[PDB]
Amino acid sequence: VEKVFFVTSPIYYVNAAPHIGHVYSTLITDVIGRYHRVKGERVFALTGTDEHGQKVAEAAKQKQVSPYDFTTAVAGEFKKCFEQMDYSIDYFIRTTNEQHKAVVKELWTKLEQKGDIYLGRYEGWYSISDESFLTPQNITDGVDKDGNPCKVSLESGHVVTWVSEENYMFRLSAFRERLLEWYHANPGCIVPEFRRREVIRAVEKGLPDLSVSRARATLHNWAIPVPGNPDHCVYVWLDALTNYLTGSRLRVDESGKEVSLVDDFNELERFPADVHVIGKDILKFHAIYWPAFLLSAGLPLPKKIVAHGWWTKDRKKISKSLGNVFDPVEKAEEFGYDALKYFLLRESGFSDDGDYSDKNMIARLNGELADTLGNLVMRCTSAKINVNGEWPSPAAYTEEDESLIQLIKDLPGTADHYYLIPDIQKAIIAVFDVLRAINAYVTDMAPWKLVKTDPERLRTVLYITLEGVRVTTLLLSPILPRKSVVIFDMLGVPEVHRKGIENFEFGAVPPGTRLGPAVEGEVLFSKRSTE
């Protein structure tokens, strides 16, 4: 199936300003998208904002402002932040969009016509802040904003409230067996593996039916009305999840503005998502509810859901009220955009709750980006070493030459598999393992001495080094999109050879290609003061 590769981030609540969690999720989405574009594939990468619900409307009220104005402003803060982060996302969706509402109504009607929605009751706990229904086993005792006894979510720690309401219910219980068939038949469909096992164990135990509407009053009328019943509003999560379907059906103009909603998803060849990127906090919605809605509606299911962990800073929770902030724009202005991206993607795997510190950030910047990558680029482009400023024609390869060539040839296959899991950390580590071997080869060969001693031998060492740098940089370009261009410029790699699987091959750039011009004080990654 040749198709548009469709990758998504969650759409974020607009109750507060964007922070590291949103930036991270969208980064991962962006990297996956970029990698597939460099493979030469059609890509549609989607992100946005989740703007309805009690959470958002009550946040708007605290600030004493209309929900229309509040959501528009905060959505604007998200757009600005992502523009500043220099992502390459194809569309930013908002759930207040009029075409999104039409798609939600359409999906609801499908579910209803399928016979999977009935009028019932929910009587139980609810976390407004997570917009999540909870069983008694998922709450415990805690303290409220006044310091008084209350109940709180075991999963999030936020305050829970008891809801008793006549609600439209989705027959989620009837999808147990089909969901288990889906997990078993596609054992790569949830990453990482231990989260897949978590989902299966939960669904094995049994699923209750799910409330998919609420009384309009309790939502402060900030939601999508239920088709055919104006007293009810659609559950914010059914509304939210549907953004993936809406996005798959929007034709977007050059300005990034939506201009048209197609009737059928096949028209645009995006749906279903190849990868949904999410935080672990919202796994049940994506791995249980969403596929259940899709099965009911007769829509195809996503290929992969990847769920990552939560960041801390200096081994403590990130929080403004606690005095431990982590502003990614600020840190990117301080250490560099590509460098911060690298750190976030290298420091932690999706299994882990990563930790940022300035100490570790500086260590990775100095050790990997500067000492390993940058130093190598300067060596093979130095006029002291590469005296003719060009890709030389290699002479015969020794066994040591060939062991390195083999590593370079194997790298694209290895990195590719890792990018497709996806496991971005392992893709990076694999590339840097090859960079370290190129460095050690260079140190071993001492090309600087070969200038005087054996110019022929130098041609060989230089060519292998240049090509190793080109291939590694190509595979890092989704992670260091700005710096990869600087490197290719320095190497004089023609535009055409900067993407496409043809250029994963060793030897794509011919001997005789000239290096890019030099600039006196130019430095690729400047080391930062250790303190």
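So that the term is clear: the rigid core is the largest set of C-alpha atoms that superpose within 1.5 Å between two forms. Start at 1 and count along the sequence shown; that's the residue number.
Comparing 132-140 with 303-311 in 9 other deposited structures of this protein, after superposition on the rigid core, the stretch with the greater RMS C-alpha deviation is 303-311. Rigid core superposition in 9 other deposited structures of this protein puts the Cα atoms of one stretch, out of 240-248 and 344-352, farther from the shown form on average, and that stretch is 344-352. At least a third of the other compared entries skip residue 319 while keeping the residues on either side.
For the segment pair 60-68 and 492-500, the entry gives 60-68 the higher mean B-factor, averaged over Cα atoms. Once the C-alpha B-factors are averaged per stretch, 393-401 and 281-289 rank with 393-401 first. Residues shown: 368, 155, 338, 410. Highest C-alpha temperature factor in the entry: 155. Across 439, 129, 109, 260, the entry's maximum B-factor at the CA atom is seen for 260.
Among the modelled residues of its chain, residue 225 has a C-alpha B-factor that falls in the middle third according to the deposited record.
The entry lists a Cα temperature factor for residue 421 that places it in the lowest third of the chain's modelled residues. Per the PDB record, residue ranking by Cα B-factor puts residue 123 in the middle third of the chain. In the PDB entry, residue 173 places in the middle third of its chain by CA B-factor. In the deposited entry, the Cα temperature factor of residue 21 places it in the middle third of its chain's modelled residues.
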